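The lines below spell out each chain.
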Amino acid sequence: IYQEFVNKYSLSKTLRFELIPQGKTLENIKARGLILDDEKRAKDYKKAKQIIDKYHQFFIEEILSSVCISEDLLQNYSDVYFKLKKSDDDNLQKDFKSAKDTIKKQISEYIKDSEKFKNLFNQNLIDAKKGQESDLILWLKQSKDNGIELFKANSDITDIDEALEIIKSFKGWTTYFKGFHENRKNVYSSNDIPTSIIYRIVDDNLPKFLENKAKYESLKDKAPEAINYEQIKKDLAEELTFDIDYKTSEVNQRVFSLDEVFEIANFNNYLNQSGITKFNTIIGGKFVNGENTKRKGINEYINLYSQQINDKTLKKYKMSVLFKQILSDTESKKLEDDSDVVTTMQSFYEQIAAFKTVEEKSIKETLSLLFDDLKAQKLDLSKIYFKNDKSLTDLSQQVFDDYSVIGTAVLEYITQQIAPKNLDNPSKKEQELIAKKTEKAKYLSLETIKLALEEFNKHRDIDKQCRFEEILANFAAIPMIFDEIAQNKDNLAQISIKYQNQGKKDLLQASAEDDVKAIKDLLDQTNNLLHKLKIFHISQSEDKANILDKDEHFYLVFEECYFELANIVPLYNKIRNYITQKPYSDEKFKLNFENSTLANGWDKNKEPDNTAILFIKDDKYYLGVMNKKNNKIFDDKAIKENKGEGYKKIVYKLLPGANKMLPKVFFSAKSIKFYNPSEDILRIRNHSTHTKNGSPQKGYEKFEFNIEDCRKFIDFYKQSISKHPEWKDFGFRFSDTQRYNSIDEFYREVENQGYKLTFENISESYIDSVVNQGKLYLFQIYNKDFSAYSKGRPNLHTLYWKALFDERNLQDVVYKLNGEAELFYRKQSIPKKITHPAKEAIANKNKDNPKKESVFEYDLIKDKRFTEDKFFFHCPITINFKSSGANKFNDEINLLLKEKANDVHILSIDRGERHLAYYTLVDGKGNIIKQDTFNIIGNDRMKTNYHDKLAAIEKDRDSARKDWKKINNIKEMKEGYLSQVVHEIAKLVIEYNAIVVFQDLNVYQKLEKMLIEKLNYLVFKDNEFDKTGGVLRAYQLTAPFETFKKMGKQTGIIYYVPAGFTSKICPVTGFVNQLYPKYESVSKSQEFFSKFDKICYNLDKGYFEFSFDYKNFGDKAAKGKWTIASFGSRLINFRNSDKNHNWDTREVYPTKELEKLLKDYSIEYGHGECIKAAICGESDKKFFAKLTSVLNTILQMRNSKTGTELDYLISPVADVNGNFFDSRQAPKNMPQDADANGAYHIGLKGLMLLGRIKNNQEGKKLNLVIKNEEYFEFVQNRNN
RNA sequence: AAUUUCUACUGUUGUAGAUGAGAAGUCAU
DNA sequence: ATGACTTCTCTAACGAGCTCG
DNA sequence: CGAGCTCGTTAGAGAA
């Protein structure tokens, strides 16, 4: 079991906390403006990062414009490509990587050797050196102040006349960008890492250009057609100036042909963005800004040719568009603003004030006066067709308001005579309902609606039934909806002036819902005034035969004015989720306090550069931000003075990067003479002889690794550390150098043990003294458990943080504090209101609660997370720091489970909406142990039930459209359930020696994200400290998360299984709905019954049978005889989705429906032998198309829906001794409810994975996939 | 409805469970 | 226009530009 | 101006 499976690999968390200002640190900071002047160095940090980045683009458009020509090796890459992708052999794949390597270094050589490359990625870009300012103003102040590249119109920054101020503000702050330029240096990286522009061109466009000239050589096999070199390129000449040709050379401004493309050696023209925007007009085709028509390209002419010629497979020869170059800008050539929310409403009032109709009038003044003529059929009163989806119901709800009133009479005129049942396929047909009938996607007109209502008027009671003229008064005041939306514009004069702030947010909080009455109801006149006039517009819905017989009289203003007044259905999608956004309206911006390199590390020697140390005061943790002006105020001088009592002080001591550090002191100019490196050793470090991949010192030669030419370099290191002034404090204990093997085994142990944390007591009166002027900023690290009113269980981001500083920890550090983190200042989101006030009754909101009120002495403000300008401190850690890893992990536990066999259980899952899951803890030998749901959860005493809260909000899909004003915020709701599930999954695994499985989904998937990310480190809040699950020694069960798409057939102990074919199955044998009868033609249903062994009524037992060996079938020939029956009282389906039709499960019995047939056809059964031949002897539409819904029911087992009335699973087979399985007559070790037998055999799928691992051998590839001829094979031989 | 955040909260100035942040860029049921 | 996929960092110290002098 | 002088480079391993 999992008794040694702790401390396996290392991680990285990010514990967050909150900083409470102590003393009057809040009075020091708010005095001058030390955070007032912040958000001008966390806002201008990103304003400058995207004015530094277009010059980081303008560079790439002049180091890929006319340069970087990797000629004729493209041919050398074309050779290794087509043969390897067609024949995956070993020898070319080596040559493939050789071709892959060589293009990059050829390209990257000129890339890394520019005029502007070197002085871009350090101090020499922004501000470098006295006398000038370096390369960043060399483009703006020099190149683009004289010349004009005005992208300040196309930006957030106003102009360039002011933009100098954003540039010069970082003077000296140019060590602060040192993570931002730590990913630009993977843009130019010629390594196998996919952010690069060199992985963009070599391996991500070049095998997408070899598959381009594997088709253009096959294009001009019959492609002479009307392609723009034949007809027109006057437009595409300024657009295709084509400055260079790179097979030999070119004239400056010559226009090329359709042959420069697809050359193997012209791939050195397809590098940058401006050059793929000229590759994707030729295949793209673009516009002219002058009221013109689209001027096409190549794949917009094959659109005009594979419809001319009838070659349907000629669309295999379209040219795939290339990708985008990394980091390239794009050219042109919902919201949050409380002004645009008041301006788009003003634009909806203004857009109706100038809408152009046909007669120089409005769209409402055109469709309204025509209704007076169209009501008398003055327009085309016979072919007024709309998109036939809901206008049959909406017109039935237009003036009559009926679901079965007017729109249910067109069935006797539309789609009932594709094949009449009189001598033309009356019973013998191939089910010609798609071939002989195509009346599904036809449109219905007003004359066809009037003619549909003629049979309903002929079926009407009164003789004054509905004609096409009398019911025409229903669309009279539809043009009057513009008069009512005009009533929502007088109050906007007190609304638009009441929206004079840029970032207003007058409704996004929790208090201003009544202010939206001027917008959630004045936008209602366009909510329903256009929502009722949708019958006068022709939609786009057809089953391949859409004609509809459209008219032209009223349809001219219908598509125009219905489109001219579409400022509501677009405008009401503009207040669509602006209202339902909960307050986390944060900014979370960085604090500096003058220190760019703030808090990067805690180690003592660098402390006036970081200017932050922590303070323990007997488990009340504080943060001290030393002010930069006086940052020496915690040296050893004051520690020798103020050795008193009060705040303990953190002494941190650190050796980071033993690759980068043990050659940083020991071979460097200021201090090499103190160390005195020997003769043979100084040979090694130059040429990197001690490494296997290490970079040698420049101007030398990478020699070979050697055995003693590395171990001596440890023998240098084992003595040279003890000579250091500070690093002899640690007292390392290395092993013998016979036992080392490389330098990783040494650089790990100088980074394992290179961490010690100690404590120096400080007199409390001194700290109180220094805070009062401003010479220290002290802040308390704070969450739930760092307030005084806790009782019980602390957060798992407060069992770690309280165990960094443990004296059981710092024996052998498994929680290494880390650095680099920042301080964040969220402003006030929620303005303070209580709304659950003091000492009064407030109602509960649970249902299984033995209480119904609450008293609440103290107030509860709506959001005290967000009424307070809380500070925010981050804090990385490193769980299992001394024991890193994360390799060979998925193959470890298989060797673990083998030795500890016969002792392991299985978890499970299913999904649904009728449940949310249903776990099932299964044994290893059949008879299962436990089984429950994930609806009863939180089972200590409170028992909340998430299962019903989803359907509680699914019923309320209206008010975001109706009064345009709903608050549910369901999008984090449902994911928020998924968190609570994890622990109850997590508890069972250790407690019952279990393994876990899941479903696949290659948001029901996101719960598998959250057990790979959360069996990284599994520590129980109730478990004892430094015991097998405690905060130091806890469970690492997953190797961590990379992607969904390589989640494996294992991701730890979380084995997987294939989806589907669980939710239908009898348990004790395992037969599935594998037939699929649907009665296409007549005697193919006789082909069903003719293959049986015998079909008899078991008169000795009181039910029918259908005995069949499955051999005589061919869709999926799962063998074995099958003996289904009629004894269960199986339920028919509801035939659901019907508001007035048969949507109820009228239960049809099996045994009392074949004696309906025995009465209809008197084929007896008293002899007790084969009765197959006579039942085959009948052929009728009545005999078989009614036998469908019976034979859809003798088998079907999931049932009983619309009510969840213990929907239940009924066995046909009666395996060994004649008893069935009804899943409510079912014992506890068998499935029990709706989605229960789905999650059972998944475990029996899971036991099959264990069946291979149990008899596993030394085969390093282990077969963890399940064949359908195994899952249907294993479970049918369990008892035997 | 109170939280480092987020979900449900009465589990009472909080309770139970999980909680990785910052900058980037790429891609698409 | 949200989800998904690969990669970065999670540092103290030295050697230099540094105004002092 | 040689002590020192205060932020920007700089050492650059090992799985697979």
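## Some remarks on the overall build of chain A
In terms of helices and strands, chain A carries 40 helices and 16 strands. Across its three principal directions, the C-alpha atoms of chain A cover 110 × 85 × 85 Å.

## Observations regarding the sheet that holds strand β14 (residues 1097-1098)
Taken together, 3 strands build an open sheet; the order of strands is β14-β15-β16 and the sheet is antiparallel. Looking at the sheet topology across the chains shown, the edges are occupied by β14 and β16 (1121-1125). Two strands pair when backbone bridges link them, and β14 and strand β15 (residues 1103-1109) are joined in this way by 2 bridges, in the antiparallel orientation. Residue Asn-1098 lies in a different strand from β15, and its bridge partner there is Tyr-1103.

## Some words on the pattern of salt bridges
The salt bridge involving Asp-1109 is made with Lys-1111; its shortest N-O contact spans 3.7 Å. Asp-1109 is the salt-bridge partner of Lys-1121, the closest N and O atoms lying 2.9 Å from each other. On the criterion of sequence distance, the pair formed by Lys-1121 in strand β16 and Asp-1109 in strand β15 is long-range, its members being 12 residues apart.

## A few points about the domain arrangement of chain A
It is common to give the size of an interface as the accessible area lost on bringing the parts into contact. The assigned domain composition of chain A is domain 1 (27-70 + 108-193), domain 2 (340-564), domain 3 (587-654 + 778-876), domain 4 (662-753), domain 5 (887-1015) and domain 6 (1064-1234). Each of domain 2 and domain 6 has a C-alpha centre, and the two are 47 Å apart. With 6 residues of domain 2 in contact, the opposing surface of domain 6 contributes 5 residues.

## Overview of the packing of helix α25 (residues 679-687) against helix α26 (residues 708-720)
How two helices pack is summed up by the angle between their axes together with the distance between the axes. Direction vectors running N to C along α25 and α26 enclose 110°, while the axes themselves pass 10 Å from each other. In terms of axis orientation, α25 runs roughly perpendicular to α26. For the pair α25 and α26, the sense of crossing is left-handed. Only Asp-709, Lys-712, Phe-713 and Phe-716 of α26 make contact with α25, whose side of the interface consists of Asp-680, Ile-681, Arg-683, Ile-684 and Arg-685.

## As for unusual backbone geometry
Negative phi characterises most residues that are not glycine, and trans characterises most peptide bonds. We note that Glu-291 has phi near 60°; this positive angle belongs to a residue other than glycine. As for its position among the elements, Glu-291 is in the loop between α11 (216-219) and α12 (340-351).

## Structural notes on the environment of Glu-1155
Mapped onto the fold, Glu-1155 is located in helix α36 (residues 1151-1160). For the pair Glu-1155 and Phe-1104, spaced 51 residues apart in sequence, the C-alpha to C-alpha distance is 9.2 Å. With sequence-adjacent residues up to four places away left out, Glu-1155 is seen in contact with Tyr-1097 and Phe-1104.

## Points about the pairing of strand β7 (residues 777-782)
Across 4 bridges, the pairing between strand β1 (residues 14-21) and β7 is antiparallel. By the bridge assignment, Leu-19 is partnered in β7 with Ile-781. Bridge count between strand β4 (residues 622-625) and β7: 4 bridges; the pairing is antiparallel. Paired with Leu-623 across the two strands is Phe-779, which belongs to β7.

## Observations regarding the packing of helix α4 (residues 73-86) against helix α5 (residues 90-111)
Contact geometry for α4 and α5: axes closest at 9 Å, N-to-C directions at 150°. Between α4 and α5, the angle falls in the class roughly antiparallel. Read as a crossing pair, α4 and α5 show a hand that is left-handed. Residues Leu-73, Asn-76, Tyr-77, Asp-79, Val-80, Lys-83 and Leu-84 of α4 touch α5, and the partners they reach there are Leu-92, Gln-93, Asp-95, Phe-96, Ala-99, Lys-100, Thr-102, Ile-103 and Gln-106.

## Things to note about the packing of aromatic side chains
Ring centres 4.9 Å apart and planes at 15° place the aromatic pair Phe-242 and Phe-256 in the stacked group. With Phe-242 in the loop between α11 and α12 and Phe-256 in the loop between α11 and α12, this residue pair connects regions lying 14 residues apart in the sequence. A cation over an aromatic ring shows up here: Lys-208 above the ring of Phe-323, its NZ or CZ 4.7 Å from the ring centre. The ring of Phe-705 carries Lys-692 above its face, with NZ or CZ at 5.0 Å from the centroid.

## Examining the sheet that holds strand β8 (residues 823-825)
The 9 strands are arranged β2-β8-β9-β1-β7-β4-β3-β5-β6 in an open sheet whose pairing can be described as antiparallel. One side of each edge strand has no neighbouring strand; the edge strands of this open sheet are β2 (589-591) and β6 (755-761). On average, adjacent strands in this sheet sit at an angle of 40° to one another, irrespective of strand direction. Sheet topology places strand β3 (residues 613-616) next to strand β5 (residues 648-654); 2 bridges connect them, and they run antiparallel. By the bridge assignment for β5, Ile-616 is matched with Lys-648. Against the sheet, helix α1 (residues 25-32) contacts β1, β7 and β9 (871-876), and its axis sits at roughly 120° relative to β7.

## Details of the pairing of β9
In this structure, β1 lies alongside β9, joined through 6 bridges in antiparallel fashion. Among the inter-strand pairings, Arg-16 is bridged to a residue of β9, identified as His-874. Where β8 meets β9, 3 bridges bridge the pair, whose relative direction is antiparallel. What sits directly across from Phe-824, in β9, is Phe-872.

## Examining the environment of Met-319
Turning to its location among the elements, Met-319 is positioned in the loop between α11 and α12. Placed 106 residues apart in sequence, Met-319 and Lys-213 show a C-alpha to C-alpha distance of 9.4 Å. Those residues in contact with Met-319, other than ones at most four positions away along the chain, are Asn-212, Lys-215, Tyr-216, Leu-219, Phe-262, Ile-283 and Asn-299.

Conventions we followed
In this document, residue positions are counted from 1 along each chain in sequence order, independent of how the entry numbers them, and residues without coordinates are left out. Think of it this way: whatever chain is written first is A, whatever ligand is written first is 1, and the rest follow in order. Side-chain metrics rest on all non-hydrogen atoms present in the structure, leaving aside hydrogens and water. Residues with missing side-chain atoms are left out of burial classes, side-chain pairs and their counts. Runs of H or I in DSSP of at least four residues are treated as helices and runs of E of at least two as strands, each being numbered from the N terminus. Paired strands, as defined in this entry, are two strands with at least two bridges between them according to DSSP. Here, a salt bridge means any side-chain nitrogen of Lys or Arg that lies within 4 Å of a carboxyl oxygen of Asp or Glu. Domain borders in the structure are assigned automatically or taken from a domain database. Contact between two residues is taken to exist if any of their heavy atoms lie within 4.5 Å; hydrogens are not considered. Comment: axis = line fitted to C-alpha atoms, over the contacting stretch for helices; angle = value between 0 and 180 degrees taken between N-to-C directions. If an angle is under 35 degrees, it is roughly parallel; if it is over 145, roughly antiparallel; if it lies from 65 to 115, roughly perpendicular; otherwise it is oblique. Crossings are classed by handedness, with left-handed meaning an anticlockwise turn of the near helix from the far one by less than a right angle and right-handed meaning a clockwise turn. Any two of the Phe, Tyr and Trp rings considered here, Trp counted by its six-membered ring, make a pair once their centres fall within 6.5 Å; the pair's planes then place it as stacked at under 30 degrees, edge-to-face at over 60, or tilted in between. Whether a charge lies above a ring is judged from NZ of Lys or CZ of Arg, which has to be within 6 Å of the ring centre and within 35 degrees of the ring normal.

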